[PDB]
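Student: give the three-dimensional model of this entry:
(3 chains)
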Amino acid sequence: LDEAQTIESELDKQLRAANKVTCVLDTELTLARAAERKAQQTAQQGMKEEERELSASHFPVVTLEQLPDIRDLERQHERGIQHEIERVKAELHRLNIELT
Amino acid sequence: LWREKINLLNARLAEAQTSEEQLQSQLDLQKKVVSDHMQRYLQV
Amino acid sequence: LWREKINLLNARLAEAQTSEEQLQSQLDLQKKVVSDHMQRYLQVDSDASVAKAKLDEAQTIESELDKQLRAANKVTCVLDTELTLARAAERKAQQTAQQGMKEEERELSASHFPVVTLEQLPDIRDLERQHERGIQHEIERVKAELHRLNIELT
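Tutor: Numbering: from 1, shown residues only, chains lettered A, B, ... in the order given. The protein structure is shown below:
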């Protein structure tokens, strides 16, 4: 009877390990939900068809499992656009000086 | 991509929940065995 | 801040473990009724009748305490996940921090640079970009003014 109780406790320990796995997966799901809702409202701002086409033709997208790296794309692409917009503005300033 | 990730995470969680249910079944079986030794002492 | 997170989670997980231990003790006490009602029946409305009647009742009511214990395990799981995340993030944050800055640079920055909180820690790298972008916007504005004044100068 004591041995059977010990085996029952072992099975309860296995059940608790499964519960821990389930809770970890549920927390991963919660993190995914939080990220989705964070990206939700910004996605709902509505866009023109021309802007949508331009973004499609000018910006790539990360895959499903590599989704965490999407923020790297945001950073690098925004930095590159920051650089090139500044370059065109500097050219505009030099040309304005020449025109003056 | 995050909605897709949510779908994938739920699909993965399904296996964990099924494992939990099966371990519950095994725990019930072990409780029944414990109950058999439980009653054996009243039958000797 | 991630070091603070680690140090706080190390104790929050301990509190969760304490709750789990209390619920485990309660479940063991619930089983104790059945375990005692074994030897009561053999060691003697009588005691044997009470043991027989309440043996199954104690086992049946055990479901609630087990459910309470199962619910409490979730706190430990969430706290452990948070502790693992803090462990992962803190080392990278420190190694990036090893780039370093002179003390005078630290005071110069200290003029306006913020102190991020633990609750701000999850979004620390978005508030960072927010502050940096504000600084960049001011830079651009004064730069445009500089260029207008350069037009005047020419």
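Student: who touches stretch A:10-19?
Tutor: For stretch A:10-19, contacts defined as C-beta atoms under 8 Å, 6 or more residues apart in numbering or on different chains pick out B:16, B:19, B:20, B:23, B:24, B:26, B:27, B:30, C:70, C:73, C:74, C:77. The C-beta positions use only the backbone N, C-alpha and C, and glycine is treated the same way.
Student: now it: buried residues?
Tutor: A:11, A:12, A:14, A:15, A:16, A:18, A:19 (16 or more other C-beta atoms under 10 Å in any protein chain shown).
Student: centre of the chain to that stretch, how far?
Tutor: Offset of stretch A:10-19 from its chain centre (C-alpha atoms, centre = their mean, to the nearest Å): 34 Å.
Student: after the longest helix seen in chain A comes which helix or strand?
Tutor: Longest helix in chain A by number of residues (criterion: DSSP state H): helix A:2-43. Following helix A:2-43 in sequence order, the next helix or strand is helix A:49-58 (DSSP states H and E).
Student: so is that following helix next to chain B?
Tutor: No. Using C-beta under 8 Å from any C-beta of the partner chain, helix A:49-58 never reaches chain B; the gap is at least 15.3 Å.
Student: convert the C-alpha atoms of that helix to PDB, please.
Tutor: Presented in PDB, the C-alpha positions along helix A:49-58 are these (Å, rounded to 0.1, in the frame of the first residue of the first chain):
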ATOM      1  CA  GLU A  49      -3.600  51.300 -52.200                       C
ATOM      2  CA  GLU A  50      -0.700  53.200 -53.600                       C
ATOM      3  CA  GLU A  51       1.100  53.300 -50.200                       C
ATOM      4  CA  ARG A  52       0.300  49.600 -49.700                       C
ATOM      5  CA  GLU A  53       1.800  48.700 -53.100                       C
ATOM      6  CA  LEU A  54       4.900  50.900 -52.500                       C
ATOM      7  CA  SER A  55       5.500  49.300 -49.100                       C
ATOM      8  CA  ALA A  56       5.100  45.800 -50.700                       C
ATOM      9  CA  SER A  57       7.600  46.600 -53.500                       C
ATOM     10  CA  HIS A  58      10.100  48.400 -51.200                       C
END
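Student: which other residues reach that helix?
Tutor: Here helix A:49-58 makes contact (C-beta under 8 Å, 6+ apart) with residue A:47.
Student: distance from the chain centre to that helix, please.
Tutor: Its chain's C-alpha centre and that of helix A:49-58 lie 20 Å apart, by C-alpha atoms, centre = their mean.
Student: kindly report the same for stretch A:51-61.
Tutor: 17 Å.
Student: how many other residues sit next to residue A:35?
Tutor: As a burial measure, residue A:35 scores 19 neighbours (other C-beta atoms under 10 Å in any protein chain shown).
Student: spatially nearest residue to it, not counting backbone neighbours?
Tutor: Closest residue to residue A:35 apart from its sequence neighbours, by C-beta to C-beta, 6 or more residues apart in numbering or on different chains: residue B:2 at 4.7 Å.
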